[PDB]
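Worksheet: one structure, shown below.
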Amino acid sequence: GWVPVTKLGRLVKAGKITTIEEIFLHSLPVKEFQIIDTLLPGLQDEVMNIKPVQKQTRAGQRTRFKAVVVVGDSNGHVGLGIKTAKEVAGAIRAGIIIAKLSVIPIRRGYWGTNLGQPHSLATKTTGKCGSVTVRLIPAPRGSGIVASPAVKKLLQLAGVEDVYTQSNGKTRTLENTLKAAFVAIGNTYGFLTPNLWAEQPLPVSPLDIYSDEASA
Amino acid sequence: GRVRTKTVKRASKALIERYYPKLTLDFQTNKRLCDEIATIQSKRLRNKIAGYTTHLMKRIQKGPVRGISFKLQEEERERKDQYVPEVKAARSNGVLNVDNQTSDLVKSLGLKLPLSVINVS
Amino acid sequence: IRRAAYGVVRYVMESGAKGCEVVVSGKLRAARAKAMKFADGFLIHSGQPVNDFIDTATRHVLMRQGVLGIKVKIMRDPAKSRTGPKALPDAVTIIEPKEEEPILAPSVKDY
RNA sequence: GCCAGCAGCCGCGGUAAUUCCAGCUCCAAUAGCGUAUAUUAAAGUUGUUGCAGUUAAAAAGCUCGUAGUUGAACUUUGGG
RNA sequence: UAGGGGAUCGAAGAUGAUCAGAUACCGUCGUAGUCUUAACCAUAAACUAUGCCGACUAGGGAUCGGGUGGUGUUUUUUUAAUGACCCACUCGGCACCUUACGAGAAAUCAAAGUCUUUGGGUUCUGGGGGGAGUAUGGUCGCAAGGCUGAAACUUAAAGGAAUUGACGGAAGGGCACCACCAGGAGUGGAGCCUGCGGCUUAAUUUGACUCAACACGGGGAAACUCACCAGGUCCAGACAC
RNA sequence: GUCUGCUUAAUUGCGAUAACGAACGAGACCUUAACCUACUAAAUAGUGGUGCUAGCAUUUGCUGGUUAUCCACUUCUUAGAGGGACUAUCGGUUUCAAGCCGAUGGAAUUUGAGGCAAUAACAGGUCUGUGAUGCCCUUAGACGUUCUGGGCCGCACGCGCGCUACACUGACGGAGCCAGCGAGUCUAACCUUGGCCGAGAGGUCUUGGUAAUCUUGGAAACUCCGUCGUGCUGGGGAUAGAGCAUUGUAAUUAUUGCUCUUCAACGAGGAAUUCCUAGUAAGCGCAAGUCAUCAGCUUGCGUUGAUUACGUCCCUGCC
């Protein structure tokens, strides 16, 4: 075995829910992780940085090995988390999950010249953590993935393909860097352009649409 | 000391839930019984479970003791629950007392007040 | 030495074992010594119960460099056993009584 | 046997030196290798593109000012 | 700098204390100065160690100053009037909490946010550590001094935040008569046992020195034991040439 | 996770908890001391009954002796199996959790006590236990081996661990007169009685014993009955002179002992400073460990056996 928990778990095992875009519409939580295993399988992992700490005991120095993990596919779906642990083999691992509850859309789209098949972002975004400032900017076609090794990485998994970048921003902080960049793409969706204004009209929540299956 | 332990309490506190009824305080009649029920290590351990229990049924009777209820104490709370009869009906002082500034909104809101009220500190 | 020192643990754990921790004292690629510890499952270090449950070993290694020690400590499933005890001294286990039905009136047979 | 000596820097050497002297053995360039000097890239450690200025080295003690430098919007769009 | 003022404190100076020294800490007196007029100097951890203009992001609940509205709270005086008050709202403060979508090396930050998706306006500053904010010149001041500001030489780190393996003669909790009460028998005194300091000596063999050295190497040795000597021997010198 | 709190001999446990459940330690376990009028057996343990019998009574009685006169026993005494206690039972006391008092039954402060004793170590000690052992040195005028003699036992003194005593609550003496841990001879001299010889220390004939079978059931503090009378004694037993013994090739820097006399301090122990909560503190012994001997030490036991708490963090010390 999987097994389940909560009203939200049970549903997706059964399969009364299908896509991840249900879940960001009503904007649910997520506690269990299998919740996006069944759905998105495309998903692939990647390990960025394995560093030792340290919390320094009475005749010694303790250590763990922050990893930090990024996950996703191509299509507008990033995942990110940071679980210290001791020994690697919790530390990555129950990083990989840490990221998976944090899957987050993106909102690939056009530079200009509408054309056919999204390559770049919709708009300018920024992010901030402690020090770093990221100014993602939409670039025309295969221009390129203009940035550090790591950012490239994030941004591949999240296709996305092409976009100018810039930092500030101490980016010997692989960890506070990604923290930030992430908090910007996750924020394309958190920016009214004319093409949304056409008022959409609220569906109905899963939490009492399949209310009975959702319980014993 | 004489100071009790988890393994013990939490073994009597699990027990006391089901078996309040066989249930007693002559503790020498629990001792026997407390084997037919638990699947205990030891003889010493066992004589310290029931010791505690008898420290429950000797205070239970005396009254409502805490964070433990066993389908018998919880049905004397749907039996003790409820009460005052008649419900609130004033005749005796009829007119129901209505600050005397309690006439404006409800002259701007209903139907029948049988009210009590402070002609002006 | 890190890698095997998971066929040790995992080969043991697969074999319906309760727990196994594994000391590796000596010198490593250092000059100043160490030890290293590992593990899986819950493990006791005090009474009988060691006498009876877990067990040791020390297997002297005669590297080049300098000499080691290895130390394994299995733990045994109280159930899988027969050796004396079937639990710890701790474990107190409980029945979920019976499901009875009430009174009627009186009622009797003739045999 | 902390003496010779090596080592651009970290560092070896104080009686079994993976560094010194030397034998064998292997590695790299190879009619060409090393060595020192100067410059370049490396140097987003001079920077307009691209830096840093809460404590790392740095926001003047604070304000006024002649230069310097920037400076709201509005003056024919649309259609044929 | 020159007049006035000169209570109190109080460098300097004197003292008595403490102390191996004490020219310091502790105590008592004490010019000068603290105060003021008039004139200088221009430095400070002059500290939010955070340039100002702006414009935009995310919640709160306080407060000072205004202003607006509520047949709003009392004032009672007859109703008002104001006024204090309550609440609603706002603009401008002086801060604070909470998040972190952001930023950061981090600690933390509604600004240190909108920065590799790198660019709203512009003034100062720094580019390893010292040498040294010195030497020099140039300049402001009466002087103290300021602002300006080298190089030779030397050097592989100096530093920032954070970590528990540890450390403190900092606080807060436990545990034990190898720690005290409640007390008993004492050791330290001697008549004598031994054992470790040491001087002695043919030699006075030898390990062991805060709890972890002191009738302890099971050390209770007349030979021996046996390691100190003062001396006698015999080799119990294989293997090959 | 391994924690504010309450909890314990205890990271020992309830409970509080983005922490869930385990390993080692501790505890469980092993040693011994207690208990079993139930079992299983005993001329290497003891009962009555039985005579044989030796005394006092004579009243049938009372006191014996008997490794067999027989048997019968198995409380006793041994010791195998075994069992048996858990703080039990109410009563309180508390988060009526873990726990803690008290009184009954009970043989019975973790039943008492030891022993095993993780995690990491310390440059603590040790090549003077080694035919465990690195590398230096020694190799016959050896630092290797061995026959002798002395030496580690030498004292104006400094520092610890200890024995007897400052008394009449004791020293001397008759007369009562009591255990437990052991050990032990074999290829040779370990324990020795008994019955003599010696004031004695001993000598010995001879005896048993490879031992619940022998010496071995008789140890001292004490009750007895008193002399000593507040006299540094009749507390103190220092240091001495000889002899006589008993071991040891060697008795000298008398190994010990006896026989009688020399009659040293100290008249309750300063600045210090230990060890201790129950058969516990401490004193009276003895058997072993040395060993040919020489204990004022090491270990182990019992026989008499109480005060004083049964709590704290003032201290130290460490968590």
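Starting from 1 in every chain, residues are counted up; chains themselves are A, B, ... following the order of the structure tokens, and ligands are numbered from 1 as listed.
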Could you list, with a cut-off of 10 Å and counting only C-alpha atoms (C1' of nucleotides), the residues of chain A near chain D, each shown with its nearest atom pair and the distance in Å rounded to one decimal, rows sorted by chain and ascending number, as a Markdown table?
```
| residue | atom | partner | partner_atom | distance |
| --- | --- | --- | --- | --- |
| A:166 | CA | D:50 | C1' | 9.9 |
| A:167 | CA | D:50 | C1' | 9.9 |
| A:168 | CA | D:51 | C1' | 9.0 |
```
Can you write just those residues out, C-alpha atoms, as a PDB file, in the first residue's frame?
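Full text of result-v3.pdb as output:
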```
ATOM      1  CA  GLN A 166      18.769  39.662 -13.346  1.00  0.00           C
ATOM      2  CA  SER A 167      20.112  39.683  -9.350  1.00  0.00           C
ATOM      3  CA  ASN A 168      21.228  42.073  -6.581  1.00  0.00           C
TER       4      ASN A 168
END
```
Discussion item. Need the shell around residue 14 in chain F: protein/DNA/RNA residues with any atom at most 6 Å away, counting only C-alpha atoms (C1' of nucleotides). Skip same-chain ones fewer than 6 positions apart. Format as a PyMOL selection string?
Written reply: (chain B and resi 5-6) or (chain F and resi 97-98)
Worksheet item: Could you work out how far CA of residue 86 in chain A lies from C1' of residue 13 in chain F, giving the answer in Å with one decimal?
Response: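 Separating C1' of residue 13 in chain F from CA of residue 86 in chain A is a distance of 28.5 Å.
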Item to complete: Please report, as number ranges by chain, each residue of chain B to which DSSP assigns alpha helix (DSSP H) when run on this structure's backbone.
Response: B: 13-18, 30-36, 44-49
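Every protein, DNA or RNA residue with an atom at most 12 Å from residue 36 in chain B, where only C-alpha atoms (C1' of nucleotides) count and chain neighbours fewer than 6 positions away do not, is listed here: residues 19, 22, 29 and 30 of chain B; 93, 94, 95 and 97 of chain C.
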Set the distance at 9 Å and use only C-alpha atoms (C1' of nucleotides): which residues neighbour range 52-60 of chain C once local chain neighbours fewer than 6 positions away are removed? I'd like the list as a PDB file with C-alpha atoms (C1' of nucleotides), in the first residue's frame.
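Generated output (around-v8.pdb):
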```
ATOM      1  CA  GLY C  19      16.029  -3.539  15.156  1.00  0.00           C
ATOM      2  CA  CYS C  20      19.738  -3.172  14.454  1.00  0.00           C
ATOM      3  CA  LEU C  43      16.591  -0.662  20.709  1.00  0.00           C
ATOM      4  CA  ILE C  44      17.103  -1.316  24.438  1.00  0.00           C
ATOM      5  CA  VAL C  67      43.478  -1.614  12.855  1.00  0.00           C
ATOM      6  CA  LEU C  68      39.731  -1.613  13.490  1.00  0.00           C
ATOM      7  CA  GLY C  69      36.324  -2.512  15.660  1.00  0.00           C
ATOM      8  CA  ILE C  70      33.041  -3.763  14.216  1.00  0.00           C
ATOM      9  CA  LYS C  71      29.996  -4.180  16.511  1.00  0.00           C
ATOM     10  CA  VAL C  72      26.546  -5.443  15.534  1.00  0.00           C
ATOM     11  CA  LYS C  73      23.444  -5.576  17.716  1.00  0.00           C
ATOM     12  CA  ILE C  74      20.395  -7.380  16.305  1.00  0.00           C
ATOM     13  CA  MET C  75      17.063  -7.142  18.072  1.00  0.00           C
ATOM     14  CA  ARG C  76      14.586 -10.010  18.215  1.00  0.00           C
ATOM     15  CA  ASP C  77      10.795  -9.935  17.554  1.00  0.00           C
ATOM     16  CA  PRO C  78       9.223 -10.968  20.916  1.00  0.00           C
ATOM     17  CA  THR C  83      13.817 -18.782  24.463  1.00  0.00           C
ATOM     18  CA  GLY C  84      11.571 -17.418  27.625  1.00  0.00           C
ATOM     19  CA  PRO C  85       9.613 -14.182  27.199  1.00  0.00           C
ATOM     20  CA  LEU C  88       9.334  -6.408  26.945  1.00  0.00           C
TER      21      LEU C  88
ATOM     22  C1'   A F  23      17.965  -0.349  19.833  1.00  0.00           C
ATOM     23  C1'   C F  24      21.735  -0.159  23.616  1.00  0.00           C
ATOM     24  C1'   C F  29      18.476 -11.219  34.416  1.00  0.00           C
TER      25        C F  29
END
```
Fill in: For residue 308 in chain F, the nearest of the candidates F:261, F:277, F:53, F:109, counting only C-alpha atoms (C1' of nucleotides)
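Residue with the minimum atom-to-atom distance to residue 308 in chain F: F:277.
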Within 8 Å of chain B: each chain F residue with its shortest pair, only C-alpha atoms (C1' of nucleotides), as JSON lines:
```
{"residue": "F:7", "atom": "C1'", "partner": "B:3", "partner_atom": "CA", "distance": 5.9}
{"residue": "F:8", "atom": "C1'", "partner": "B:3", "partner_atom": "CA", "distance": 6.5}
{"residue": "F:12", "atom": "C1'", "partner": "B:5", "partner_atom": "CA", "distance": 8.0}
{"residue": "F:13", "atom": "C1'", "partner": "B:5", "partner_atom": "CA", "distance": 4.0}
{"residue": "F:14", "atom": "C1'", "partner": "B:6", "partner_atom": "CA", "distance": 4.1}
{"residue": "F:85", "atom": "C1'", "partner": "B:44", "partner_atom": "CA", "distance": 7.6}
{"residue": "F:86", "atom": "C1'", "partner": "B:44", "partner_atom": "CA", "distance": 3.6}
{"residue": "F:87", "atom": "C1'", "partner": "B:48", "partner_atom": "CA", "distance": 7.4}
{"residue": "F:88", "atom": "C1'", "partner": "B:47", "partner_atom": "CA", "distance": 7.1}
{"residue": "F:89", "atom": "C1'", "partner": "B:27", "partner_atom": "CA", "distance": 6.3}
{"residue": "F:90", "atom": "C1'", "partner": "B:26", "partner_atom": "CA", "distance": 7.5}
{"residue": "F:95", "atom": "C1'", "partner": "B:66", "partner_atom": "CA", "distance": 7.3}
{"residue": "F:96", "atom": "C1'", "partner": "B:65", "partner_atom": "CA", "distance": 6.0}
{"residue": "F:97", "atom": "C1'", "partner": "B:9", "partner_atom": "CA", "distance": 6.2}
{"residue": "F:98", "atom": "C1'", "partner": "B:5", "partner_atom": "CA", "distance": 3.7}
{"residue": "F:99", "atom": "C1'", "partner": "B:3", "partner_atom": "CA", "distance": 2.0}
{"residue": "F:100", "atom": "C1'", "partner": "B:2", "partner_atom": "CA", "distance": 3.3}
{"residue": "F:101", "atom": "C1'", "partner": "B:2", "partner_atom": "CA", "distance": 6.9}
```
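Residues with any atom within 12 Å of residue 60 in chain D, counting only C-alpha atoms (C1' of nucleotides) and excluding same-chain neighbours fewer than 4 positions away, are residues 46, 51, 123, 124 and 125 of chain E.
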Can you spit out the residues from that selection as a PDB file, in the first residue's frame, using N, CA, C and O atoms (P, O5', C5', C4', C3', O3' and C1' of nucleotides)?
```pdb
ATOM      1  P     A E  46      27.498  59.414  18.934  1.00  0.00           P
ATOM      2  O5'   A E  46      27.177  60.476  17.795  1.00  0.00           O
ATOM      3  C5'   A E  46      25.894  61.178  17.828  1.00  0.00           C
ATOM      4  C4'   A E  46      25.701  61.967  16.562  1.00  0.00           C
ATOM      5  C3'   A E  46      25.833  61.215  15.243  1.00  0.00           C
ATOM      6  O3'   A E  46      24.677  60.469  14.883  1.00  0.00           O
ATOM      7  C1'   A E  46      26.668  63.461  15.119  1.00  0.00           C
ATOM      8  P     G E  51      21.094  54.522   3.708  1.00  0.00           P
ATOM      9  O5'   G E  51      21.181  56.058   4.122  1.00  0.00           O
ATOM     10  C5'   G E  51      20.102  56.970   3.841  1.00  0.00           C
ATOM     11  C4'   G E  51      20.633  58.373   3.688  1.00  0.00           C
ATOM     12  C3'   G E  51      19.636  59.398   3.139  1.00  0.00           C
ATOM     13  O3'   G E  51      18.922  60.059   4.170  1.00  0.00           O
ATOM     14  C1'   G E  51      21.564  59.335   1.774  1.00  0.00           C
ATOM     15  P     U E 123      25.369  62.763  -9.934  1.00  0.00           P
ATOM     16  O5'   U E 123      25.843  63.554  -8.624  1.00  0.00           O
ATOM     17  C5'   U E 123      24.866  64.152  -7.746  1.00  0.00           C
ATOM     18  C4'   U E 123      25.453  64.531  -6.406  1.00  0.00           C
ATOM     19  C3'   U E 123      26.734  63.815  -5.992  1.00  0.00           C
ATOM     20  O3'   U E 123      27.909  64.482  -6.436  1.00  0.00           O
ATOM     21  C1'   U E 123      25.122  63.564  -4.288  1.00  0.00           C
ATOM     22  P     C E 124      29.309  63.721  -6.358  1.00  0.00           P
ATOM     23  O5'   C E 124      29.413  63.334  -4.816  1.00  0.00           O
ATOM     24  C5'   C E 124      30.678  63.041  -4.196  1.00  0.00           C
ATOM     25  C4'   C E 124      30.457  62.628  -2.755  1.00  0.00           C
ATOM     26  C3'   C E 124      31.212  61.497  -2.065  1.00  0.00           C
ATOM     27  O3'   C E 124      32.504  61.920  -1.627  1.00  0.00           O
ATOM     28  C1'   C E 124      28.892  61.492  -1.458  1.00  0.00           C
ATOM     29  P     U E 125      33.836  61.297  -2.290  1.00  0.00           P
ATOM     30  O5'   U E 125      33.938  59.856  -1.622  1.00  0.00           O
ATOM     31  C5'   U E 125      34.067  59.717  -0.193  1.00  0.00           C
ATOM     32  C4'   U E 125      33.432  58.425   0.265  1.00  0.00           C
ATOM     33  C3'   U E 125      34.173  57.102   0.270  1.00  0.00           C
ATOM     34  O3'   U E 125      35.435  56.895   0.884  1.00  0.00           O
ATOM     35  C1'   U E 125      31.873  56.819  -0.382  1.00  0.00           C
TER      36        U E 125
END
```
Practice prompt. Select, from A:81, A:87, A:183, A:58, the residue with the minimum atom-to-atom distance to chain C, counting only C-alpha atoms.
Written response: A:87
Worksheet item: If we count only C-alpha atoms (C1' of nucleotides), what is near residue 83 in chain F at a cut-off of 12 Å, once residues fewer than 2 positions away on the same chain are taken out, given as number ranges by chain?
Response: F: 35-36, 38-39, 81
